[PDB]
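Just one chain follows, in the form deposited in one PDB entry, and it is written as structure tokens.
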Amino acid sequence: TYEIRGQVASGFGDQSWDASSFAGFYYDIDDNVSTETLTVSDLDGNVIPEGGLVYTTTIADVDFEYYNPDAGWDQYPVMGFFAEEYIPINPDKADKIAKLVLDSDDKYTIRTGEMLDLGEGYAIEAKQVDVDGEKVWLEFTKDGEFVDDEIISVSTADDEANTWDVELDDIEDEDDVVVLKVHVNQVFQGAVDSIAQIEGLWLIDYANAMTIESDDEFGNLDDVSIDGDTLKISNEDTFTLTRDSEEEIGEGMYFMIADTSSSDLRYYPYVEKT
């Protein structure tokens, strides 16, 4: 394990950390986007009152790596969750999340009958190309099991026709959840081989999606509030910034508090990772 620290706080005033002052928080440089804050308020000496320690994360959006709004590739939602990146499976709800497997703009060729492994048990197969070489029949699988299939027409006027979005139901009680996007550039119909050329892939590990429950507790951050696109997690009871010590906030986040006299206070937050 290793440690990533934030800016140092001094004195007994209110304090605030975000991505710019705490390198542990998630941050996307291309879109210049982050989601997390940690605040300390209303200290009495070194004791934070109930509700004075607040971790907040609010959904934000970033450009697909394969950026092409006209073909249906504009932005997707992102959310920091205890210093890790997650994808909200419904872009308006902060409490249902999954890990991103792929966000890619690399070119791949799939030959009919062959599988492109996407990672974590997910794959796409070109099952067939049509005689005229303008349509490809794709199939999406998880651990060898059928999930979905679609016929994609690759040389129409409409650039969105090249994109396949897999929408699944009953994922953490959400329906119409986009779990995979695949953009097919073209099809190549050779003498012996036909191949599909892919460029643009986005996949979340929907099979491992989770829900943050109102009853969940994260160490001393044990008052979870879910308000649409924002999680706000707060302390139910007093929290002491014990001098000359480390104190868990929760779920891998900590404060380091300096060895000073009780007339002073100096501390910074940090995150522990592996």
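The term rigid core refers to the maximal set of C-alpha atoms that superpose within 1.5 Å between the two forms. Numbers for residues come from their place in the sequence shown, where the first is 1. Only residues modelled in both forms are compared.
Enquirer: If you average the CA temperature factors as listed in the entry, which stretch comes out higher, 258-266 or 12-20?
Expert: Higher of the two, by average CA B-factor, is 258-266.
Enquirer: Higher mean Cα B-factor in the deposited model: 151-159 or 133-141?
Expert: Averaged over C-alpha atoms, the B-factors run higher in 151-159.
Enquirer: Among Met115, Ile89, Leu201, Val166, single out the one with the highest C-alpha B factor in the record, please.
Expert: Highest C-alpha B-factor among the listed residues goes to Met115.
Enquirer: Based on the deposited C-alpha B factors for this chain, I'd like to know if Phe81 is in the lowest, middle or highest third.
Expert: It falls in the middle third of the chain.
Enquirer: Compare the C-alpha B factor of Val187 with those of the other modelled residues in its chain, then answer lowest, middle or highest third.
Expert: Tercile = highest for this residue's CA B-factor.
Enquirer: Going by the recorded CA B-factors, say which third of the chain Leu43 sits in, lowest, middle or highest.
Expert: For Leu43, the deposited C-alpha B-factor lands in the lowest third.
Enquirer: Give the position of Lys99 by CA B-factor within its chain, expressed as the lowest, middle or highest third.
Expert: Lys99: CA B-factor falls in the middle third of its chain.
Enquirer: Once the chain's modelled residues are ordered by C-alpha B factor and cut into thirds, is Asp70 in the lowest, middle or highest one?
Expert: According to the entry, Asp70 has a C-alpha B-factor in the chain's highest third.
Below, we turn to the form deposited in another entry, even though it does not appear here.
Enquirer: Give the option from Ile87, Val136, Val179, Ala94 whose C-alpha shifts by 2 Å or more between this form and the one not shown; the alignment is on the rigid core.
Expert: Between the two forms, the residue that moves is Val136.
Enquirer: Closer or farther: how do the Cα atoms of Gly133 and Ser104 compare in that other deposited form versus the shown form, where the change is at least 3 Å?
Expert: Note: Cα gap between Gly133 and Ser104 widens in that other deposited form.
Enquirer: Relative to the superposed rigid core, which consecutive-residue segments of length 3 or more display CA displacements of 2 Å or more between this form and the one not shown?
Expert: Core-superposed, the single displaced stretch is 129-136.
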